[PDB]
Amino acid sequence: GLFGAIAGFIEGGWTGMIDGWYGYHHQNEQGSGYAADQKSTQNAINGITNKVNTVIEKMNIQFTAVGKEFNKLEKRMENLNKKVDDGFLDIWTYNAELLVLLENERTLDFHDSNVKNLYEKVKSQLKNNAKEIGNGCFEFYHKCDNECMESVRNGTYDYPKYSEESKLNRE
Amino acid sequence: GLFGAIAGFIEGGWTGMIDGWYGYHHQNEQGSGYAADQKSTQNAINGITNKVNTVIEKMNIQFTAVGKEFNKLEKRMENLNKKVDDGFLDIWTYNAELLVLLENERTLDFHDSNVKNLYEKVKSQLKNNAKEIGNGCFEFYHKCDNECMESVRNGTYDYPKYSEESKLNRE
Amino acid sequence: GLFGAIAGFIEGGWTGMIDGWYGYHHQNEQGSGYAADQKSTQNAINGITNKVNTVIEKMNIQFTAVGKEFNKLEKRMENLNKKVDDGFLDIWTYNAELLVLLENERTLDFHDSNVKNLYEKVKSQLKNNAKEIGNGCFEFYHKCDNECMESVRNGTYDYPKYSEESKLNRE
Amino acid sequence: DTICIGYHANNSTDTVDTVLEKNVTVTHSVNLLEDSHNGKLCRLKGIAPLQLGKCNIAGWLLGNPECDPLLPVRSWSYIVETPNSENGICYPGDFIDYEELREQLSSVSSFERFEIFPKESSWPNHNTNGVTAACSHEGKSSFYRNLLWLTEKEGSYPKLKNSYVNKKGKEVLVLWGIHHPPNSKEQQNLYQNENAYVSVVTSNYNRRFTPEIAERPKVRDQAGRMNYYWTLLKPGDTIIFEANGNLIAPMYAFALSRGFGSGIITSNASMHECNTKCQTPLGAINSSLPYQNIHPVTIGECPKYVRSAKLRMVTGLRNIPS
Amino acid sequence: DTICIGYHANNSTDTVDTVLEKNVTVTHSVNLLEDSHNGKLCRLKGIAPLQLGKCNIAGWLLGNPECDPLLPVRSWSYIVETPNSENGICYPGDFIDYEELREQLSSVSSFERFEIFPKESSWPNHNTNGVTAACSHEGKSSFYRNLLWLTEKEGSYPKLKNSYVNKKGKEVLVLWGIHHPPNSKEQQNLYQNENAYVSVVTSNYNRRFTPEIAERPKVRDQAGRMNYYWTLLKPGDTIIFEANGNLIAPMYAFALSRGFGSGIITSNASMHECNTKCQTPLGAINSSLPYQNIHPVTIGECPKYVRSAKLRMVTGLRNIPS
Amino acid sequence: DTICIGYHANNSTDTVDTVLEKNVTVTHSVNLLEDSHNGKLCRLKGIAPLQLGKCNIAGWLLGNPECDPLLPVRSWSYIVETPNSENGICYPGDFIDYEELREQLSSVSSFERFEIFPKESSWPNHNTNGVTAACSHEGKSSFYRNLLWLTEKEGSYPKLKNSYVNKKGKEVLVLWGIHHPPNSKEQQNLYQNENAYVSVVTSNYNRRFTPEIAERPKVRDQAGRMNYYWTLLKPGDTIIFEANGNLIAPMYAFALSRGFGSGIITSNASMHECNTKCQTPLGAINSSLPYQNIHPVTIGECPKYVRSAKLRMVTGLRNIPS
Amino acid sequence: XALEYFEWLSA
Amino acid sequence: XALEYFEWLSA
Amino acid sequence: XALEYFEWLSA
Ligand SMILES: *[C@@H]1O[C@H](CO)[C@@H](O[C@@H]2O[C@H](CO)[C@@H](O)[C@H](O)[C@H]2NC(C)=O)[C@H](O)[C@H]1NC(C)=O
Ligand SMILES: *[C@@H]1O[C@H](CO)[C@@H](O[C@@H]2O[C@H](CO)[C@@H](O)[C@H](O)[C@H]2NC(C)=O)[C@H](O)[C@H]1NC(C)=O
Ligand SMILES: *[C@@H]1O[C@H](CO)[C@@H](O[C@@H]2O[C@H](CO)[C@@H](O)[C@H](O)[C@H]2NC(C)=O)[C@H](O)[C@H]1NC(C)=O
Ligand SMILES: *[C@@H]1O[C@H](CO)[C@@H](O[C@@H]2O[C@H](CO)[C@@H](O)[C@H](O)[C@H]2NC(C)=O)[C@H](O)[C@H]1NC(C)=O
Ligand SMILES: *[C@@H]1O[C@H](CO)[C@@H](O[C@@H]2O[C@H](CO)[C@@H](O)[C@H](O)[C@H]2NC(C)=O)[C@H](O)[C@H]1NC(C)=O
Ligand SMILES: *[C@@H]1O[C@H](CO)[C@@H](O[C@@H]2O[C@H](CO)[C@@H](O)[C@H](O)[C@H]2NC(C)=O)[C@H](O)[C@H]1NC(C)=O
Ligand SMILES: *[C@@H]1O[C@H](CO)[C@@H](O)[C@H](O)[C@H]1NC(C)=O
Ligand SMILES: *[C@@H]1O[C@H](CO)[C@@H](O)[C@H](O)[C@H]1NC(C)=O
Ligand SMILES: *[C@@H]1O[C@H](CO)[C@@H](O)[C@H](O)[C@H]1NC(C)=O
Ligand SMILES: *[C@@H]1O[C@H](CO)[C@@H](O)[C@H](O)[C@H]1NC(C)=O
Ligand SMILES: *[C@@H]1O[C@H](CO)[C@@H](O)[C@H](O)[C@H]1NC(C)=O
Ligand SMILES: *[C@@H]1O[C@H](CO)[C@@H](O)[C@H](O)[C@H]1NC(C)=O
Ligand SMILES: *[C@@H]1O[C@H](CO)[C@@H](O)[C@H](O)[C@H]1NC(C)=O
Ligand SMILES: *[C@@H]1O[C@H](CO)[C@@H](O)[C@H](O)[C@H]1NC(C)=O
Ligand SMILES: *[C@@H]1O[C@H](CO)[C@@H](O)[C@H](O)[C@H]1NC(C)=O
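Protein sequence lines correspond, in order, to chains B, B', B'', A, A', A'', M, M' and M''. A prime marks a further copy of an entry chain.
Residue numbering for the first sequence follows the entry's author numbering, beginning at 1 and increasing consecutively.
Residue numbering for the second sequence follows the entry's author numbering, beginning at 1 and increasing consecutively.
Residue numbering for the third sequence follows the entry's author numbering, beginning at 1 and increasing consecutively.
Quick note, the fourth sequence lines up with residues 11 to 54, 54A, 55 to 83, 83A, 84 to 95, 95A, 96 to 125, 125A to 125C, 126 to 264, 264A, 265 to 325 if you use the entry's author numbering.
Quick note, the fifth sequence lines up with residues 11 to 54, 54A, 55 to 83, 83A, 84 to 95, 95A, 96 to 125, 125A to 125C, 126 to 264, 264A, 265 to 325 if you use the entry's author numbering.
Quick note, the sixth sequence lines up with residues 11 to 54, 54A, 55 to 83, 83A, 84 to 95, 95A, 96 to 125, 125A to 125C, 126 to 264, 264A, 265 to 325 if you use the entry's author numbering.
Residue numbering for the seventh sequence follows the entry's author numbering, beginning at 2 and increasing consecutively.
Residue numbering for the eighth sequence follows the entry's author numbering, beginning at 2 and increasing consecutively.
Residue numbering for the ninth sequence follows the entry's author numbering, beginning at 2 and increasing consecutively.
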């Protein structure tokens, strides 16, 4: 990717997570599991939806366009009509293909961006109360049940609450 | 944003700062205030100016173009002329709208980029002599008057000068 | 740049490195030297090659297209033919110039991205066993011969191997 | 205790191209290019097309006998000509401004066929029984259904002058013909005047026709020629025919109504009991996609035709099941 | 002690669309789409347009009496026709190659009206007093100002042959007419020769005209017709008229000068004392913007016309007063 | 001990433009715009062009004597006309449907010149020796090489009727002419019939020509005119000429073969012993680039013409030797 | 059109 | 054109 | 075409 996230320091995706585009995998004493971040996912969905809708809307309805006929003494007009049709065709194929390419690139990089942004948000939430063990995973300096994990997921982690215990286990 | 800065970890903008696009807000014993970073701002201004100038220049002057007339036995030529005009119109509307969309997106992401870059530059300047308290703000491990803040603004912070005191207050 | 790397916190490039686009400069007891990262370089080469190949392929071969002639009573058809030719010309010049501009921007930002990504990968490899001295350079908390540098280059650094010595020199 | 940030993956094998990389597998994608049609000629917005069958436009308008006669009144959404029309102009000659007449027909949505100059009743003292083998039907020599070959009656061809007043409240397509014998012998035998002329006038139409006698290469076993002419008679206006020979008089004419989004296409497919909003010579398109690679020729509300074979836009992420 | 990095915000309510998100509020933006005009016909680069008023091009060139006579010499930047021109061809007939003549006029920047064949002086032994009610003016029957109806004089129409040599140093537009009586009676009464002909020749122009007599549907109370012809007489060249009847002779002709960036438009607006570099049928555009949605028809140096209603480009940031 | 991550730099002075910044120096870049040609007329895919030299298309087809005679059989890839062709229509008049004939020639790849109506052998009882000073060659009065001026023989011009059957297996371009004397005196002196006519017919061609006598402005010292006509005689078809005067008969005709990717260009350059896949009026292009700014007029497989002066795409990085 | 890739998404 | 959004900007 | 900027690159 462009932001180095997808197929980067997070080499693979989670087929186990089938309810979101981005998300989390928690592992504690109560068990382990996947859970999507609905905010950024809904955001991405909205953005890309508007993108596709745009590309579709920018193409006006192509109304009736039929060929004409010409006699043996109107070869020039015939050739001109052909040149017009062919030119317009060239241009529109060009535009379509190019647009799709550019938009695809931008989309991929957009997803990369969102993933990295999520990672950075979580990281800034946790600070030095955990350590980055690579692969986009954090290891806690303390115990964390399902309620704690939930507090992290929906953007409400409490740093002073675990700062002391984490400071202890950090040594 | 794409770089997660604007409307990200810096949720809002400063209406108090009316002399720049990006900038600073300092708070110390001598008082508090806003002050723009003229370098990156001038850079952004130049870039975007060149962008707009480009979009304007790429459109050649549309010279005189009037409709023609045709008699009752020249319906084919009339229809062809109409097809030409309409086709060109379609294409140009398409191009204009698309171009403006793409450029707007790229511009927003550009500003995001500049803000995050400024933040990273400041952060790399300060290192461990201060702590990131979120919202794109740093808290000093020492005293800093207006001259110090100015030394930070124009990219000339002195790390060994405050490393000891900061190391003390860090404990 | 957009990612703040090239002409950013790495102000200049290395003319001494002539065997790659991105790379390294190692400095130890055995000596100093440059060495390119072949992975990301090959990747960039492939991507940009495919980009150029695309831009070339999207332009179909312009086959035979000659002017026509018209008598003094066919001024309208003459003018129409001229309008068609000129319109198509306008459109194609517009498209060419625009495409080249956009692609150039995207390319520059792509290189920026790759450089920063390499830097981040190395940084995440080293962790706290070294310190960031700016200019995209790291200073070791331990001794490192050519074999160690090679272990860093091809993405196989050993953190627990030097964690103790680094922890000592860190104090 | 650990927590991880990751992204979606699934069994999608969808592939998309980018500027940097071709053939990227992704989790979600949409296809913008319609490539499917039903191979059927269909109704367009509830209105059936006008199929000419064995006839082409000329053969239909002139009234070629080898084609099965249509209803006196028809409405359509588009006109269909078969590629292999052996039935058209059956008596050799030139259909003047034929293509322009086709272009006129491209915006016609309805016709009423009606008898403008009744057979025995409009041309007294002239024979109206002339036929030819070039216009054969069921073996017997015949002639165009909408035209009438006026010949000499009892050794004389009196100067005829008849007129029609358009009280149909619509444009009326009127067609007529000029016969050109190969020699002055046949000229005298058919029209008794070596210096004949035909005159057709309206408020805005004004044309005079003169026979051109010369031996010509046989075409459909005919050394003679026949030029076909037409005009659109505006509502309320009058057309006047005045000739002393060589006139192939109008018998039937067409009341025309104008419409939108119609056209003429050449197609092999057959009419089926179906309805569509987009029709191509290959079949109907039922799609909301912006692009199509089925055919450049379209009737109705269709996607823009392109030469592309693939236009797939990625919505999901790069799919990595690793 | 603390320091913070942040970005600009203000009371801007400017909205822009992106590919990902519609209607984004931003701090700074430019409008690239001109949508404002002054509703006035203006001078283009200091040069006033040529307004024809009650006349259209044909009515002007032929010299229709119901239109107020222009100056003998005029220069313009563009020609303006009113939508409701009841004054044009006042004697029924066809203006041959009319549209082509308009196209020629689209690149003409100046005309000098001059008497090519003086009334009483060029056609001896012919009557030059003919008029008609189809070309009425102030109640009385009249005729085209630039043409002359030559009729029989004293029971005879001698073969006339006159010529003009173009010593103007510019192209000269010459117009003439051919009269077509409804019957041979009026033919004899007007030109005394049932087999008349008109001949017009130049170095590159060569045409012969023959009267076509037939009763026609009345148009503007006339069963007769009149065909109008024109030609561009090159500098130094000679035009020769040679006729024995049915000629509507030229009296006035036009010396033409060629220019650039001119054209013909149909407009309702009135001329005002103003100047512009871009003119539309709706009014003048004063703008440096690349796009406009005012009108597709333009004269001068104008922005490219588009169908868009909004083309706003963002320069500032996403505005968040929070 | 230290390690550093950095990027490439070199002595490249290549400059590229972006949307944000103009004139950026970079390490690697490709040029997509071809601006170089060899200033030579070359063979296209191994096939040499057809150079007309002093002649234009008309002068060649009619067979103007001032131009050096070509081989009876030629094949080409494109036709070249010189800008300064003083040799074309040497006897004043109109080449009817000339431009259309050029357009036909644009898809012709080969011609065989052959004698369709042999000089002394096809027109008995007619003089075939007529010449003129308008068609001079080496001082002496002459005439078109491919046409024959039939005049009266022994005070009489018998009605001629000759025909040719196309057994060439290819389309045959046949050209002929109609002479128009300035007065009835010369008319009688040349063709002995004041009421003459020419008749040309094929299976699909059918035209009658009548002399138009009037004094005309001298052009190339001629008060008379000559109209030139042509037709494409389909394989197996027959053309019949039947005239009693004023016919400029065909002597030579052309068997034509059709091809692809040909055309007519106007060029100054000279033929050299070279080969190319793309030809412009300025010279040949040897390039694999998608764009070119050399010329809009192209023959063969060429890059798309643009108005740009620079289309450089960056592949390397921003070059900073600092 | 709607991108119904997940069920909780809003329509 | 110039983007005069701030006064210190250069023209 | 190939971008031969470096020799080890593959073709
Ligand atoms: C976000 O997470 C916080 C922590 O889990 C949630 O706080 C819990 O909310 C429930 C309501 O179902 C309360 O009954 C629990 O007692 C709360 N836990 C705590 C820490 O008291 C919060 O509800 C979640 N929702 C949002 C949108 O913040
Ligand atoms: C950048 O900031 C440094 C620190 O404020 C400035 O250094 C001061 O410059 C003034 C000149 O007005 C001197 O008189 C002060 O004594 C300097 N302070 C120090 C630390 O000595 C510097 O001038 C600023 N300008 C630039 C462009 O660096
Ligand atoms: C990457 O670097 C590691 C460390 O230098 C390399 O490991 C060495 O490989 C050589 C083979 O030439 C062995 O003989 C050395 O003994 C290895 N060193 C160690 C640490 O044992 C490795 O070969 C390199 N290559 C790749 C692709 O990883
Ligand atoms: C396009 O991508 C597809 C999908 O990866 C490639 O098809 C793979 O083809 C290989 C060779 O046959 C098979 O081993 C894989 O199993 C296929 N993958 C799937 C999921 O079907 C294909 O090779 C690519 N084409 C090009 C030219 O890039
Ligand atoms: C486009 O954005 C404007 C600006 O935010 C929206 O207008 C707001 O409209 C709401 C509903 O009337 C008002 O409460 C706000 O006060 C308006 N804002 C301003 C600053 O005027 C508008 O709703 C948006 N339109 C669409 C369709 O997205
Ligand atoms: C485009 O960039 C080139 C390359 O930097 C500029 O040329 C430089 O020109 C200056 C002034 O003459 C010289 O001092 C430098 O030595 C040139 N550089 C090189 C490497 O040749 C040029 O000025 C730029 N043009 C514009 C208008 O931006
Ligand atoms: C993908 O897997 C789903 C089951 O979740 C199955 O229904 C579908 O057919 C599969 N599609 C492909 C293309 O493998
Ligand atoms: C329909 O016509 C096409 C030619 O356009 C021909 O290839 C095809 O065989 C025909 N098919 C049928 C079913 O008639
Ligand atoms: C056209 O496609 C839509 C989408 O499935 C479907 O609802 C509709 O039934 C189709 N119409 C016909 C007539 O096939
Ligand atoms: C914005 O505020 C300024 C005062 O700084 C005022 O002059 C201007 O009218 C305001 N514009 C809008 C659109 O609110
Ligand atoms: C101008 O003409 C238009 C028709 O084009 C008509 O709608 C409008 O009423 C007219 N306005 C004036 C002021 O004459
Ligand atoms: C056109 O607009 C410019 C920009 O304000 C102004 O300077 C000029 O006066 C205007 N010209 C006229 C004639 O209105
Ligand atoms: C760049 O330097 C190389 C030597 O490595 C030299 O061969 C080449 O000519 C130089 N090119 C330019 C443009 O300076
Ligand atoms: C070729 O012709 C051009 C005009 O098109 C003229 O400018 C040039 O002088 C000529 N050059 C030669 C060598 O004949
Ligand atoms: C055309 O250019 C290619 C690229 O150098 C070269 O190989 C070839 O020889 C050139 N052909 C001619 C005929 O000049």
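The beta carbon of each residue, even a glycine, is placed where N, CA and C say it ideally should be.
In the displayed model, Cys277(A') falls within a strand according to three-state DSSP.
Each of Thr23(A'), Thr25(A'), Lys32(A'), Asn33(A'), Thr35(A') has a C-beta closer than 7 Å to some heavy atom of ligand 5; these make up the full list, in chain order. The stretch 145-164 of chain A makes no contact with the stretch 210-218 of chain A: fewer than 3 CB pairs, one atom from each, lie closer than 8 Å. Across the stretch 8-36 of chain B'', CB contacts with chain M'' closer than 9 Å involve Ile18, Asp19, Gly20, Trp21, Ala36, in sequence order along the chain. The beta carbons of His142(B'') and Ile13(A'') sit no closer together than 7 Å. For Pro254(A'), DSSP records a beta bridge to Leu151(A'). Residues of the stretch 75-96 of chain B' whose Cβ lies closer than 9 Å to any Cβ of chain B'', in chain order: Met77, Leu80, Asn81, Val84, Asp85, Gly87, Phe88, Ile91, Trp92, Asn95. Pairing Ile56(B') with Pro306(A'), the inter-Cα distance amounts to about 10 Å. The C-alpha of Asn50(B) is placed about 26 Å away from the C-alpha of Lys280(A).
Taking a C-beta distance under 7 Å as the contact criterion, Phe258(A') and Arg109(A') do not qualify as a contact pair. A straight-line Cα-Cα distance of about 55 Å links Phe88(B'') and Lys165(A).
Note on the stretch 12-75 of chain B'': whole beta strand (DSSP E) runs with a minimum of 3 residues are 22-28, 31-36, in chain order. Proximity of chain A'' to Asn114(B') at the Cβ level (cut-off 7 Å) is not reached, the minimal Cβ distance being about 11 Å. Per DSSP, reduced to three states, the secondary structure at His142(B'') is coil, with no helix or strand assignment. Remark: the C-beta of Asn154(B') is in contact range of ligand 2, defined as less than 6 Å to any heavy atom. Spanning the alpha carbons of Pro254(A'') and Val223(A') requires a straight line of approximately 48 Å. With at least 16 other beta carbons inside 10 angstroms of its own, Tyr201(A'') counts as buried. The alpha-carbon of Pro74(A) is positioned some 33 Å away from that of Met77(B'). For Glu190(A), the nearest beta carbon of chain A' is not closer than 7 Å to its own beta carbon.
Here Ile182(A'') is bridged, per DSSP, to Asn231(A''), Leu251(A'').
Three or more Cβ pairs closer than 8 Å define a contact, and the stretch 302-320 of chain A' meets that threshold against the stretch 281-291 of chain A'. A distance below 7 Å between beta-carbons, with the five flanking residues on each side excluded, links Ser113(A) to the following residues of its chain, in chain order: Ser265, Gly266, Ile267.
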